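**Q** First portion of the complex, with coordinates as positioned in the assembly:
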Amino acid sequence: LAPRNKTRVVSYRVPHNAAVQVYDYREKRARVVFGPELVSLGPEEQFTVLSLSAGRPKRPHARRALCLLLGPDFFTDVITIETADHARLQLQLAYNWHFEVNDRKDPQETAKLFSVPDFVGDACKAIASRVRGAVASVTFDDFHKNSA
Amino acid sequence: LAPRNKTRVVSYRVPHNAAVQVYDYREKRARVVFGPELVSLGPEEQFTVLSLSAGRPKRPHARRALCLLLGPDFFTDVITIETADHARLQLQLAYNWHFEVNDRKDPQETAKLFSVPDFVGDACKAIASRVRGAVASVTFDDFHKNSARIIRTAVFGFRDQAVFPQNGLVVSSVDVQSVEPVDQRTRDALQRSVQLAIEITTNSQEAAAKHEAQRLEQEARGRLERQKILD
């Protein structure tokens, strides 16, 4: 609403069950902060911006963030499958996910949380394919009955 | 927006999981920088510009960059294949890729990351051909049914990854996302196929009900006739 003072050290409150990635281009030094803390950019430090998939039928590049929500949530997708009988089906699915973080002090592991650019659409399409494959080898009646 | 001062040393922040290539035409010296660092051009140093393929049905020379995104991503392509039956199919595919970089200090290996000019369209067309070949030798029904195992082996020949040794790319998975007949009259012919499949299950409950009706109607008659005689 009001132009921020640019001479003020830039801070960010990181929400619970999340993490940000910040790189220091002067001191050439990386860090990832976890959880409910406040993070302050140095003179030349920067945030990573995560561009993520969102929408009913998930589209890439619909959401942008600075923190990675690590914590247990779900996301929901609408698929279109087809049976060995050519019965065209439309599915409403939901995926319960979370990030195992073995060691939070480990700088090699902790950077991998940010490897995959769009971890939402990655798991959507990678699962939406596993589902379209098994079901073309299954018939309609069998699927209407054992879909679960 | 505003004309840059030209007397200022030219710098570039290289993003995470990426690399730039810069050559020094004065000191005759090459370097490749990796990762999240800042790179500053010298008086006569230059960047390599990578012209890359982009679009739904990938077209060459649609994107331009200075950094090579090394890191694990996917790109998606729309193919047109055809079966031993001449059923024309349109496919939505996705390719999970990344660059194995054995030694980042190795100047001979690290330059090969920039050998192949358009590494996107290279892997697209080189895979889109591997798929069009196997599927003309396969029939429609067999493909509508086994499309996932078919396509996986056509890409990974005798194998969990396709390596491209020129630059070092790999493709670790192919997700098939949609398979559609191009022509509509084929999709009609497939529509009447399911209307039958339904009537085959409605006829089976109506025949399975009738056989149970006829069985009980006889269990009564068996007793009603025996009861008259016992009276």
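**A** Cool, the structure landed. Numbering: from 1, shown residues only, chains lettered A, B, ... in the order given.

**Q** so how many other residues sit close to residue A:47?
**A** Residue A:47 has 16 neighbours, counted by other C-beta atoms under 10 Å in any protein chain shown. The way it works is simple: take the backbone N, C-alpha and C, and place the C-beta from them, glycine included.

**Q** Dihedrals phi and psi, it?
**A** The phi/psi pair for residue A:47 (degrees, to the nearest 10) reads phi -100, psi 150.

**Q** what's the answer for the one 4 residues further on, then?
**A** In terms of degrees, to the nearest 10, the main-chain angles of residue A:51 are phi -100, psi 120.

**Q** so how far is residue B:73 from it?
**A** 12 Å (C-beta to C-beta, to the nearest Å).

**Q** For the two, list the residues in contact with both.
**A** residue A:117 (C-beta atoms under 8 Å, 6 or more residues apart in numbering or on different chains).

**Q** Give me the residues contacting stretch A:86-96.
**A** A:72-83, A:123-124, A:127, A:131, A:135, A:140, A:143, B:144, B:190-191, B:193-194, B:197.

**Q** Filter the residues you listed down to just the ones in helices.
**A** Here DSSP state H is the test, and the contacts of stretch A:86-96 give A:123-124, A:127, A:131, A:135, A:140, A:143, B:144, B:190-191, B:193-194, B:197 as lying in helices.

**Q** excluding its backbone neighbours, what's nearest residue A:86?
**A** residue B:190 (4.8 Å; C-beta to C-beta, 6 or more residues apart in numbering or on different chains).

**Q** picking that back up, now the contacts of stretch A:86-96: which count as buried?
**A** Listed as buried from these are A:75, A:77, A:79, A:81-83, A:123-124, A:135, A:140, A:143, B:144, B:190, B:194, B:197; burial here means 16 or more other C-beta atoms under 10 Å in any protein chain shown.

**Q** how about residue A:139, phi and psi?
**A** Torsion angles, degrees, to the nearest 10, at residue A:139: phi -90, psi 170.

**Q** Phi, psi for residue A:86 please.
**A** Dihedral angles for residue A:86 - degrees, to the nearest 10 - are phi 70, psi 30.

**Q** How about residue A:48?
**A** phi -80, psi 140.

**Q** I figured it hits residue A:115, correct?
**A** No: applying C-beta atoms under 8 Å as the test, residue A:48 and residue A:115 come out as separate, 11.3 Å apart.

**Q** add chain C to what we have:
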Amino acid sequence: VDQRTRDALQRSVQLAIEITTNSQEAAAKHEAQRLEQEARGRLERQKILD
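**A** Adding chain C to the chains above:
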């Protein structure tokens, strides 16, 4: 190159489809006829046991 060749190849697939719809309709009928006889086998034996 020629379109009339692509038409001649188009009728080739319309047949290929009808060949698979005829095969499920003949494979269903053979299962219908098999069960209809498994009942008749029992319904006729049941009348005699009564």
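
**Q** Look through chain A and state the residue closest to chain C.
**A** residue A:85 (8.2 Å; C-beta to the nearest C-beta).

**Q** who's in contact with that residue?
**A** Residues near residue A:85 by C-beta under 8 Å, 6+ apart: A:139, A:140, B:193, B:194, B:197.

**Q** Same question for residue A:44.
**A** Counted by C-beta under 8 Å, 6+ apart, residue A:44 has contacts A:24, A:25, A:26, A:27.

**Q** State the pair within these that is farthest apart.
**A** A:25 and A:27 (8.2 Å; C-beta to C-beta).

**Q** Do I have it right that residue A:136 meets residue A:129?
**A** No: counting by C-beta under 8 Å, residue A:136 stays clear of residue A:129, with 11.4 Å between them.

**Q** Which residues outside stretch A:58-66 are in contact with it?
**A** With C-beta under 8 Å, 6+ apart, stretch A:58-66 has contacts from A:12, A:20, A:47-55, A:75, A:77, A:118, A:120-121, A:124.

**Q** Apply 6 Å and report the result again.
**A** By C-beta atoms under 6 Å, 6 or more residues apart in numbering or on different chains, the residues outside stretch A:58-66 that reach it are A:20, A:47, A:49-55, A:77, A:118, A:121, A:124.

**Q** Tell me how far it lies from the chain's centre.
**A** 9 Å (C-alpha atoms, centre = their mean, to the nearest Å).

**Q** With stretch A:8-23 instead?
**A** 17 Å.

**Q** Would you mind writing the CA trace of it as CSV?
**A** Only the C-alpha atoms of stretch A:8-23 are listed here, as CSV (Å, rounded to 0.1, in the frame of the first residue of the first chain):
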residue,chain,number,x,y,z
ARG,A,8,15.6,-0.9,5.8
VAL,A,9,17.0,-4.3,6.3
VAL,A,10,14.7,-6.7,4.6
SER,A,11,13.1,-9.4,6.8
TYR,A,12,10.6,-12.2,6.4
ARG,A,13,8.8,-14.3,9.0
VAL,A,14,9.0,-17.9,7.9
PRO,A,15,5.8,-19.8,8.7
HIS,A,16,5.5,-22.9,10.8
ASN,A,17,6.3,-26.1,8.9
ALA,A,18,8.1,-24.4,6.0
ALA,A,19,11.5,-23.3,4.8
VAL,A,20,13.1,-20.6,2.7
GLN,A,21,16.4,-20.6,0.7
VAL,A,22,18.6,-17.6,0.7
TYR,A,23,22.0,-17.2,-1.0
